[PDB]
Each structure stands twice: as structure tokens, then as C-alpha cells.
Amino acid sequence: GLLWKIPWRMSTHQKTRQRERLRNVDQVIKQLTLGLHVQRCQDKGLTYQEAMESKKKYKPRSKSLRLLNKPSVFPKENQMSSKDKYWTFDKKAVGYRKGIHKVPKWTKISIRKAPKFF
Amino acid sequence: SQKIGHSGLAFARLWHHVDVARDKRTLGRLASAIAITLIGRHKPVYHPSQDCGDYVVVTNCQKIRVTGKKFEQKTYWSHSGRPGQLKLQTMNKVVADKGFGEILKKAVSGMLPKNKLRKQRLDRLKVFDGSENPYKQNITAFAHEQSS
Amino acid sequence: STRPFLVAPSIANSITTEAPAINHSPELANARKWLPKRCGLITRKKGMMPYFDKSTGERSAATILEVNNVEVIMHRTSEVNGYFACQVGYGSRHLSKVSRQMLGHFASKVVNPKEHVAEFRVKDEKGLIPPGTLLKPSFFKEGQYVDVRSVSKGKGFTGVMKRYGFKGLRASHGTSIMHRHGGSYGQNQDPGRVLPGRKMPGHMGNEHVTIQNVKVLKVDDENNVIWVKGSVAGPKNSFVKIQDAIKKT
Amino acid sequence: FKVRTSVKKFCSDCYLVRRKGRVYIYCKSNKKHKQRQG
Amino acid sequence: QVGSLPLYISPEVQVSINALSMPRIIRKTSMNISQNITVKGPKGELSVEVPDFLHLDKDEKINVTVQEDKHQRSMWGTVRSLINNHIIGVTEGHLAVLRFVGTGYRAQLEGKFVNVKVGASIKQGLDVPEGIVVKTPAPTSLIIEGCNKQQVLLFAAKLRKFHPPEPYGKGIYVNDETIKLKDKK
RNA sequence: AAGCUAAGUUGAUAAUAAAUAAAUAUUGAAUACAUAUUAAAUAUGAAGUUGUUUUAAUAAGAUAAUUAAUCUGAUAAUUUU
RNA sequence: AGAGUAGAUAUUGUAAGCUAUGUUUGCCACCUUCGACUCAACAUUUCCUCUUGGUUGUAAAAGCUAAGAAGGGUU
RNA sequence: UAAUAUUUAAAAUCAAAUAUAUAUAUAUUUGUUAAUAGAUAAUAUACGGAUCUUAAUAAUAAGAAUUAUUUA
RNA sequence: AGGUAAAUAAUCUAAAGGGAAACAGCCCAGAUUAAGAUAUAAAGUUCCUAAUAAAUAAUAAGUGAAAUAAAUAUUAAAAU
Ligand SMILES: [Mg+2]
Ligand SMILES: [Mg+2]
Ligand SMILES: [Mg+2]
Ligand SMILES: [Mg+2]
Ligand SMILES: [Mg+2]
Ligand SMILES: [Mg+2]
Ligand SMILES: [Mg+2]
Ligand SMILES: [Mg+2]
Ligand SMILES: [Mg+2]
Ligand SMILES: [Mg+2]
Ligand SMILES: [Mg+2]
Ligand SMILES: [Mg+2]
């Protein structure tokens, strides 16, 4: 019909970009957590520097942040597998897999955890 | 300021020489390299609205390096306007007919920018299967290089 | 007494190498070609008449080729010209008709201002004949076969029916105003043009024709004529060339 | 020959050989068991 | 395996190793042929061109060993075999017998041209290559002798191509080829 | 009668050669056997390919001429090959 | 699976499997003429001619089946 | 160590890494084949094209422009 | 089915710019007017064509190199 010339693989450059994006997302989360921790420290009664130093850093309480922190639910880039950085689970593909770059707004969308065996 | 001065030497066409016997670049790479020279992209005075490229003499083109089975299998094409008159010639066949020089030339042509200047640039490139050629005298040569 | 010359190291140290054999070289092409060994001669087609074989009593249409004043002018060699051939002249021509340059050329080669000059290409240096030497019909033997070149009669602008023997259309059964036309000249949009070499009306004749393996029937030095079996192309007084044939050598 | 995409030796006399970018099976006894791949 | 097996050399047989004049190279992994192995003996001599990674070893008896790529391994076995064959040629030279087994099918030497006459309405044959010597005791038997085992056998094959053995079984039989097994009428 | 024409006449259906397709082989390892090589070597093999032959175009090269009482062309006249 | 005087694979090859083509009958609704004559051009999934493998079913001759092959021809 | 019959797996198992008490234990995370054939139609080869697979002897010098995992 | 009917989101409709060879609807990004120094997005960096150097493996088919063709067969490789 109408030619949408989009390849089934990604170029190395694309892959690298994807990786970078993933890393950035992780970093954002990390930063958020750090901020929360330092706020907690300040509330308790410490300085900024002191808070930064502290061995026992506080985990976040809010559900979403906690979930993000868990690597079971939301892996970090170094943890993540090759097969999940550049492919998603498609319920109706051959091999039940599909290049992430096919997913509508893949540059914004985050999607790490494919199914366990698929 | 910088552009002001005697600019005659900049836009002088140098003759370069490449001995394909003594060059280990494979065909395509070599062609690409030559293309740049032809265009004149190597010189800082280049501007796209100007043919300012140098001359390239290729010699010993018989010893050019081609990889894989391309000598046998790589097919050059030519079509008249007339349906059914598609000529498809293998690289080896072409070589037998015209020479390795032709091969090289084709590659260079492909490399070059597709505009008026193209043909001139292509013609600047002078290729010879063996060593001997009529340009031996005019290749650029320095006085300090004369130890040999 | 030396001159200021330099030399690049890249070109000095470059080991000597011979360029291999190009097929599109003249030399190579020469080898390939299927050329005659001997030379030939220029002639004028005079007319046609019947030859009668006196033993079998059989009538053969024969065209008379007149060999007036045929002379080798000069020859061409592989070293200088890249092929082996002799330039033959035919017939005397009046100074007034000949260019100064051409007169000079003729003088160079001690011949009279010729009517028609033509090269005959040969195989090897052996085929050449000494220059300035005259040729007679006796250069050919009765019974031998020759290849003849001449320029066909011009038919002017011709239709497709005459050029290519097209069938035209029906004479009377509705057919209107197109009786001798060529019909379709292509297909629809999927060439969308007329292909090169489409047979179409146009000039016909006045072109070179080589007619091969004609038998020399007779050869009479006393009349300056050769007799050839059959029809030779072109009008009366057309210049013809005969070489010994290659297919039946 | 029997030209086909599946080339399998029938008997112990059949031997598998690969030439000219194709898999052949020649059989020293039964000429019927001569196969070529593609 | 074959390459490692040693090669006994009788006295009167030399196996010399040399370089070449203009070493040729073969690309596609590559293989450069610069070495020469020249075998000499009472019946003749022959030079075999050889890679570079191959090493002859002269004992008081010779060996051959290669510098352990698969290609090298493949070459090694071949080369030893070749030299063995050459050795055999140079002393007890090689020989192949062709038996013509059809009615009126026969062979005849015309000097050293061989004309095989087998049912054809035109006569045909070929000329023996240098180093090959044919003799014909009966007109139905032809014996080809030479120092080069490969060459002689090639020649034999060419001759037998003219009429291979039918399956019901007139033809030309090389050596001990009893390939024709007669189908039942 | 000329000319034009086929229903007439004459001729050609382009060799020799080179490399090949499917196929047929020699020796011969990798793999103690076998294996024509999707190994190194060595061969046969088609109305196909390359080429040749034919026509048209192009014009490298070659021969000669050089400011001219009749240099090379055009215009002009009488014309048909 | 089964035929094939025996034996799936010379030749045949049910129903079910996996594909290719866009030469048929359809479906969709982006978009509003069959033949004859003349001249054919292109393709190869080759009808003939050239080379070849298989053929208890290649004794030969005719065939059958398969590979290469589009040069010439195909009322 | 040869031959032998399956399988193409990190679930289990092993290795490595991160988080919890911590030289161990617990929990999570990651790591397991490649070629060739099969392969195909009609104006023209059709990665957009040139073209790309490397090699001693020698280059103040080329060494994938493919596929997979990465770095700056 | 570039089919049809609805659901959710985006874009197009009404959106120029960069990429996807060319491209309504894809990937990025919303043009007030310039200017062109610095960050860059998606995409790329032998030449055409703005910009590239490395590392480890695999491939020898031009497979492949921005549109992946299936069953199956052959050959190899690992694991038990
Ligand atoms: Mg599109
Ligand atoms: Mg006739
Ligand atoms: Mg076919
Ligand atoms: Mg195409
Ligand atoms: Mg591309
Ligand atoms: Mg719709
Ligand atoms: Mg509207
Ligand atoms: Mg837009
Ligand atoms: Mg909007
Ligand atoms: Mg705005
Ligand atoms: Mg490709
Ligand atoms: Mg593709």
C-alpha cells in the first residue's frame, strides 16, 4: 500500500541513543530519590553537606518512587538485557517480539520489563 | 583580511601521483580518496561554486586490489534507450576489454558530485594499467626530495 | 649544459611494469578480424549481359566490371596505422576536377590524378603489393569467388510497404484512407513512447552493400573487363570493389 | 538426477558431495539415487 | 593421518627443496606459493610448486610438517601424497591399462597419436602428452606409462570418455574398473 | 522502347577461435576411507556468451596543400547516377 | 497414504502442510469494449531446434521425466 | 580421550553484578548457535548511487561501508 | 485488503523546520523578526553529503549494507 520505510532492526547509533536515554531516565529517578533523602535529613535536623555525607540514606515512602527504585519492576540500564533495550513484547508478531523503535513515541515512552518468558 | 593577498598558488592545479602497486588501499577506498582530491576538498580555499581540484595520475592500475569474488561476480551495466539492450559485463570482462583504469574511473565518477563540473573532474584523473605514462615529468616534485 | 629539472621519488622508485593486452586495442582487433590475404581492385559497373557456358550451354546473367587504370598508390601498416591495407586508385581524372592538395598527394606517389581511391584491408604484410604498380583483370582467375562492395540504387523516401515489406491494410471492406500504412507503431502507456528502431517510412537505398561469394565468370585483359556472375549493387557507372572472398577461400 | 530441495542419502553407497555452490548426492550403485539441491 | 607419515627415499632418488623465481599468491584466507619440491629419479623428474608454510625434513627417509590452520592441515596431507606419488613415478613408473570390450572396438597408434575406433562413423582420438608413452599389445588393449600418475590417469579418463562402459557391456574399461554390472534381458 | 517491378534473377542464414552453463572427469587432502575442488593443482563440455560477418554513425591516425595569374568551398547555370 | 506384473520416490502422488504468481472467479471502493486487420516489443514457468542427468519402467527406434539454454523459429 | 544419541536451555544449574544483616546468607538482576539452499516474469542492473569483505615484501599511510555486544 | 465498524492516544485536517532516498498521517520538533557564538532532539559521520575514532566477537554469502520470505533440507558449532 503506502510505503512506511522503517527497518526491523536499529542502527548502532540508534541503539546507543536508546541506551543513553535509558541511562538518563535512571539518573532522573536517582536524583529525585537523593533530593527526597536530603529533604528528610533537613527535616530531622542536619545540614545539606551532612545529609549528602550520611551513610544511612533514607528510602522514599511514596509508592511510585519506591516501585521505580525496585530493579524487579524498573531495571537500570546496566542491569537491563540487550533483548529488552531494543525489543518489546508484541502479542501478534512472529517471534512475539518487535523492535522498540516501532513503538509509537519510543523516544518518550519508557518500557523495560517485558514478560518473564516472552 | 585573511583572504587578501596573492592567491595564485592556492588555485594552482597540482599533479598528484598514486602508484597502485605501492598503495595498499582496495579499489573503492582508493577511488573515494581520489574523488576528494579531484573535487579539491583537501584544500582550505575550496568553495563549492568552483572547480579547484588537482590532477591525479594513477599508474600500475593492473595491481589494484579488489576483495572477495568481485573480479568475477561484480557486474557493470549499460543501457541504450532501446528495450532489450541491457549490457551487463563482469569486472574481469571490462578489464579485458578496456582495462583496470576504466574500472577505477567508473568508481571515481560514481563518487563525484553530480553536476556540470563532474565530467571535467573525471577527465582530470589520468589512469594507466602499467607503469609508463606521459605525465612523468609534471608530477609535483620538491628539491629536498632529490636524495634518491 | 643541464636544465633545471626535478623528479618525484614516487615516480622514480616505481618499478617498471608492462600494460597488459586490451581487447579494444587496434592490435588485438586486427588479430580477431577475418581478413582476406591478397588485395583487391576498384572497378566500375558498366552493365549486364548474358554469359553462355559453352559446354553446358547454360545462360548466366553477368555484370561487367571495367578495370580501367587501377593502381596501388600506397599502403598502411600495423606499426604506423594499426592495420594492414593497400590504397588502390581507379581511373584518370582531369586536373580541373582535382583539389591542389589531392594533386600533390598523387604526385607524392607517382600516379595520375585518380577518379576514385579506396583502401583494401588485408591480413599480414605479405598481402601488400609494391606501390606505383598497375593491376589488371588477370589478378583474378575464372571460377574463383569474390566479395563485392558497392552503393545501392537510391529509392528516395520510401513507405513501410516497400522498405520492410509490410502488408498494409485491406483494399476494400470498410478500410478507409490508410491502405498502405504501417498500422500500430507501439504499445500504450507502458512504454509510452516509440521504441528506438521502430520500422518507419524513410529514405531507402544509396547505402553500401557487400555481396558475398560471387563467381568470376570471365576476365579479359584485351577489353579491360571482368565478368561477374549475377547482380552487383548500384547504378551503371557506380564504383565497385572486388576482393577475393573469405567464406569460400 | 532428481533435482529437489531436500537431499537425503538413501543407502550406504550414497555419498554426499558439495560442488559449485550446490549439494549433490551421488550413489556408486543405484544411479536412481542421484540428487541435487536447488 | 596422512601428512605426518614419513617418506622413505631409495638411493638414486633426490628430493630437493628450492624457492621460486616469481612466487604467485592465491586470495580467498590466502595461500602464497613460493616453494618448489623437485623429485628426480631413474625414469624422470618433476617439480611440484608448494606454499611456504610446508617444511621438509631430511633424515638418514624424509618428513613434511606445516607451520595449524585448517587450510594448512588440508594442504599438508595433499603435499605428502603428491611427493609420494612422484617418488613412485620416478623409480617404478606409473602405468594404466585400458581394455576395449566391444566387437570391433579397437585402438591403434598412428607416430604417437592414439586413434580410438569405437563405433563412430568418423575416426577420432588424441595425442599423448610429453611424459606419456602408449603401447598396444593387442589392438583391444592399450597401456599408458609415465612418471606423472595424475597426468597418465587424466589421459586414460579422456580416452575412456569416448565410449564409457555400457550397462549391457561394450566400451572402454580403465584399469580394474568393473563398473558395468549387466542388466538382465 | 526506357524506367519502375515480382510471379524473375543473384547472393547470404559469419566461419576459425576464447572463456563457459547444466553436465562429465584426473589426482587429491582437510576427515588413516571416500570426495571432479562450497580445498591447492589438472581436464572435457551447448543453436547460449565473447567474438567474427554485415550496415550506419563518429573521426584517432595518415597522405598532401599552404595567402592563392586556374588555394579550398559557397552563390549561379546545364543536369541524374 | 497409495498405484506401478515385485518395490513409496522410472513414472505416478488422495486428503491434510508450507509457499510463489497477480495470467482466472471473486472481495475492497483510492480512483469515473470483445473480436478481426496492421505492426509488433518484452518475458521464460521451453512447443520445436542445441547440450546434458534418470529411466526392473534406457536393447535399438520412438517415448516418459528432470537440468542448462530465449540464438532462430513457432500455420 | 575417540565414538555414541538427543538438545539449541540461565527455568534449573554455574558464573558475574546490585540491594539487605554481611569474608556468609537472603532477595533481585544479566549471561546459551552460524552458514548454504529453498528464492521466481515480463521497458533497465536496482543497498538511493559509487561502492564496501585486505596482503607478507615497504610505505611519517589502507585493514568492513556487514552482523551482535560496547566505549569515547 | 491502502477493506469495514466502533474504543483508546498521537499526528494530519489547520503545521512550516530536521530525519525517514522521494513521503499528509512515521521518528523528533511547533516558524513574531533577524543574527549565527554555545547547548543540543530524531537521525547520521568513506565519497556523493554537514560530521569518526576505538574495542571484542561472528560472518565469505556481496549474506548483508532503512521495506528481514515459509515449511523443510544440507553443512558445520556448542551443550549434555
Ligand atoms: Mg512513505
Ligand atoms: Mg533464392
Ligand atoms: Mg529455465
Ligand atoms: Mg530489477
Ligand atoms: Mg542506504
Ligand atoms: Mg479506511
Ligand atoms: Mg477540511
Ligand atoms: Mg511537517
Ligand atoms: Mg495540533
Ligand atoms: Mg511558535
Ligand atoms: Mg545485497
Ligand atoms: Mg532489503
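Protein chains in written order, with the authors' numbering: chain c, 14 to 131; chain H, 2 to 149; chain C, 21 to 269; chain 0, 56 to 93; chain F, 18 to 45, 48 to 79, 83 to 89, 92 to 134, 137 to 194, 196 to 212.
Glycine included, C-beta positions come from ideal geometry on N, C-alpha and C.
Taking only three categories from DSSP, how would you classify residue i?
i	result
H114 (chain c)	helix
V58 (chain 0)	strand
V86 (chain c)	coil
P61 (chain F)	coil
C54 (chain c)	helix
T120 (chain c)	coil
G102 (chain H)	helix
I112 (chain F)	helix
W16 (chain H)	strand
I35 (chain H)	helix
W100 (chain F)	helix
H228 (chain C)	strand
residue 1 (chain C)	This structure leaves residue 1 (chain C) out entirely; chain C is present only between 21 and 269.
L148 (chain C)	coil
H136 (chain C)	strand
Can you name the residues that DSSP bridges to residue i?
i	result
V27 (chain C)	Looking at the DSSP assignment, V27 (chain C) forms no beta bridge with any residue, so it has no partner.
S167 (chain F)	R123 (chain F)
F72 (chain C)	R79 (chain C)
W78 (chain H)	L89 (chain H)
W247 (chain C)	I84 (chain C) and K238 (chain C)
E133 (chain H)	None; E133 (chain H) has no bridge partner.
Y81 (chain 0)	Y70 (chain 0)
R141 (chain C)	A105 (chain C)
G60 (chain C)	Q263 (chain C)
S66 (chain F)	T57 (chain F)
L154 (chain C)	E91 (chain C)
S49 (chain F)	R44 (chain F)
Taking a contact to mean a Cβ-Cβ separation below 8 Å, would you say residue i touches residue j in this structure?
i	j	result
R125 (chain H)	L39 (chain H)	yes
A265 (chain C)	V229 (chain C)	no
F140 (chain C)	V90 (chain C)	no
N35 (chain F)	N55 (chain F)	yes
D20 (chain H)	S30 (chain C)	yes
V160 (chain F)	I84 (chain F)	no
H95 (chain C)	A105 (chain C)	yes
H95 (chain F)	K175 (chain F)	no
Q31 (chain c)	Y99 (chain c)	yes
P40 (chain C)	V92 (chain C)	no
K66 (chain C)	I84 (chain C)	yes
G151 (chain F)	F139 (chain F)	yes
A81 (chain C)	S251 (chain C)	yes
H7 (chain H)	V57 (chain H)	no
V67 (chain F)	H110 (chain F)	yes
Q132 (chain F)	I158 (chain F)	no
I262 (chain C)	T63 (chain C)	yes
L24 (chain F)	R104 (chain F)	yes
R123 (chain F)	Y200 (chain F)	yes
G176 (chain C)	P221 (chain C)	no
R26 (chain H)	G217 (chain C)	no
Item to check | Continuous alpha helix (DSSP H) assignments of at least 4 residues falling wholly in the segment 42 to 77 of chain H | outcome: Runs of the alpha helix (DSSP H) inside the segment 42 to 77 of chain H: 71 to 74.
Item to check | Pocket of ligand 1 (residues with CB nearer than 7 Å to any heavy atom), chain order | outcome: Residues lining ligand 1 by the Cβ criterion, that is a Cβ closer than 7 Å to any of its heavy atoms, are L15 (chain c), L16 (chain c), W17 (chain c) and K18 (chain c) in chain order.
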